[PDB]
Amino acid sequence: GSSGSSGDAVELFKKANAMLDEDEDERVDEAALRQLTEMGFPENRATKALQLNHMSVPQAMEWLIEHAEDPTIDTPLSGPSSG
């Protein structure tokens, strides 16, 4: 018998082939926005979020999810119309 005791491991991940292109400064990215706006998010948010997510299509998503229920986000009301 031979082994440690205090912990050992508890993590697993992998990222085979994962490269695109980043866009910093200047107006927001549309290519990315499209993705979001294509999913089911408002340009405003997507845009804002993006800017906060270094213009990330995936990242933003989460931010959009987490912020999905954020006040700052500022959202209108939902009357009768558009149900």
# chains A, B, ... in the order shown; residues from 1 in each chain; ligands from 1
call {"tool": "select_by_dssp", "arguments": {"residues": "region 21-55 of chain A", "states": "helix (DSSP H, G or I)", "output": "JSON, numbers by chain"}}
result
{"A": [30, 31, 32, 33, 34, 35, 36, 37, 38, 39, 43, 44, 45, 46, 47, 48, 49, 50, 51, 52]}
call {"tool": "write_last_selection", "arguments": {"atoms": "N, CA and C atoms", "output": "mmCIF file, in the first residue's frame"}}
result
data_model
loop_
_atom_site.group_PDB
_atom_site.id
_atom_site.type_symbol
_atom_site.label_atom_id
_atom_site.label_comp_id
_atom_site.auth_asym_id
_atom_site.auth_seq_id
_atom_site.Cartn_x
_atom_site.Cartn_y
_atom_site.Cartn_z
ATOM 1 N N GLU A 30 -19.944 43.038 -35.503
ATOM 2 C CA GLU A 30 -21.240 42.640 -36.024
ATOM 3 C C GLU A 30 -21.293 41.121 -36.211
ATOM 4 N N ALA A 31 -20.193 40.581 -36.715
ATOM 5 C CA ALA A 31 -20.101 39.149 -36.946
ATOM 6 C C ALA A 31 -20.536 38.404 -35.683
ATOM 7 N N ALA A 32 -20.042 38.885 -34.551
ATOM 8 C CA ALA A 32 -20.369 38.276 -33.273
ATOM 9 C C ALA A 32 -21.818 38.611 -32.910
ATOM 10 N N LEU A 33 -22.129 39.898 -32.977
ATOM 11 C CA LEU A 33 -23.468 40.361 -32.659
ATOM 12 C C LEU A 33 -24.492 39.476 -33.374
ATOM 13 N N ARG A 34 -24.260 39.281 -34.664
ATOM 14 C CA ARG A 34 -25.151 38.462 -35.468
ATOM 15 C C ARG A 34 -25.446 37.142 -34.755
ATOM 16 N N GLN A 35 -24.378 36.480 -34.336
ATOM 17 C CA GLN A 35 -24.509 35.210 -33.643
ATOM 18 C C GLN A 35 -25.516 35.332 -32.497
ATOM 19 N N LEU A 36 -25.267 36.307 -31.634
ATOM 20 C CA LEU A 36 -26.140 36.541 -30.497
ATOM 21 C C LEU A 36 -27.542 36.894 -30.998
ATOM 22 N N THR A 37 -27.618 38.012 -31.704
ATOM 23 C CA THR A 37 -28.887 38.471 -32.245
ATOM 24 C C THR A 37 -29.590 37.337 -32.993
ATOM 25 N N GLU A 38 -28.788 36.381 -33.442
ATOM 26 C CA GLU A 38 -29.318 35.242 -34.170
ATOM 27 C C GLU A 38 -29.886 34.206 -33.197
ATOM 28 N N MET A 39 -29.292 34.167 -32.014
ATOM 29 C CA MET A 39 -29.726 33.232 -30.989
ATOM 30 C C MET A 39 -31.113 33.602 -30.461
ATOM 31 N N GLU A 43 -30.006 43.307 -29.639
ATOM 32 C CA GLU A 43 -28.761 43.903 -30.093
ATOM 33 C C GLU A 43 -28.122 44.718 -28.967
ATOM 34 N N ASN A 44 -28.911 45.630 -28.418
ATOM 35 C CA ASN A 44 -28.437 46.478 -27.338
ATOM 36 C C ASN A 44 -27.621 45.636 -26.356
ATOM 37 N N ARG A 45 -28.319 44.747 -25.664
ATOM 38 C CA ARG A 45 -27.674 43.879 -24.694
ATOM 39 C C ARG A 45 -26.455 43.197 -25.321
ATOM 40 N N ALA A 46 -26.730 42.359 -26.309
ATOM 41 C CA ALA A 46 -25.670 41.640 -26.996
ATOM 42 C C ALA A 46 -24.473 42.572 -27.193
ATOM 43 N N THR A 47 -24.755 43.731 -27.769
ATOM 44 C CA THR A 47 -23.715 44.715 -28.019
ATOM 45 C C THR A 47 -22.998 45.077 -26.716
ATOM 46 N N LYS A 48 -23.778 45.573 -25.767
ATOM 47 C CA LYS A 48 -23.232 45.960 -24.477
ATOM 48 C C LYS A 48 -22.450 44.786 -23.885
ATOM 49 N N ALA A 49 -23.161 43.687 -23.681
ATOM 50 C CA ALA A 49 -22.548 42.493 -23.125
ATOM 51 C C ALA A 49 -21.235 42.209 -23.857
ATOM 52 N N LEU A 50 -21.328 42.173 -25.178
ATOM 53 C CA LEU A 50 -20.161 41.914 -26.004
ATOM 54 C C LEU A 50 -19.000 42.789 -25.528
ATOM 55 N N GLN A 51 -19.242 44.092 -25.532
ATOM 56 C CA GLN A 51 -18.230 45.042 -25.104
ATOM 57 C C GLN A 51 -17.663 44.638 -23.742
ATOM 58 N N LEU A 52 -18.523 44.037 -22.934
ATOM 59 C CA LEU A 52 -18.122 43.598 -21.607
ATOM 60 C C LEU A 52 -17.449 42.228 -21.711
#
call {"tool": "atom_distance", "arguments": {"atom1": "CA of residue 53 (chain A)", "atom2": "CA of residue 24 (chain A)"}}
result
10.5 Å
call {"tool": "closest_residue", "arguments": {"among": "A:60, A:68, A:55, A:77", "to": "residue 29 (chain A)", "atoms": "only C-alpha atoms"}}
result
A:55
call {"tool": "atom_distance", "arguments": {"atom1": "CA of residue 62 (chain A)", "atom2": "CA of residue 41 (chain A)"}}
result
11.7 Å
call {"tool": "closest_residue", "arguments": {"among": "A:27, A:10, A:82, A:22", "to": "residue 57 (chain A)", "atoms": "only C-alpha atoms"}}
result
A:22
call {"tool": "atom_distance", "arguments": {"atom1": "CA of residue 75 (chain A)", "atom2": "CA of residue 25 (chain A)"}}
result
26.1 Å
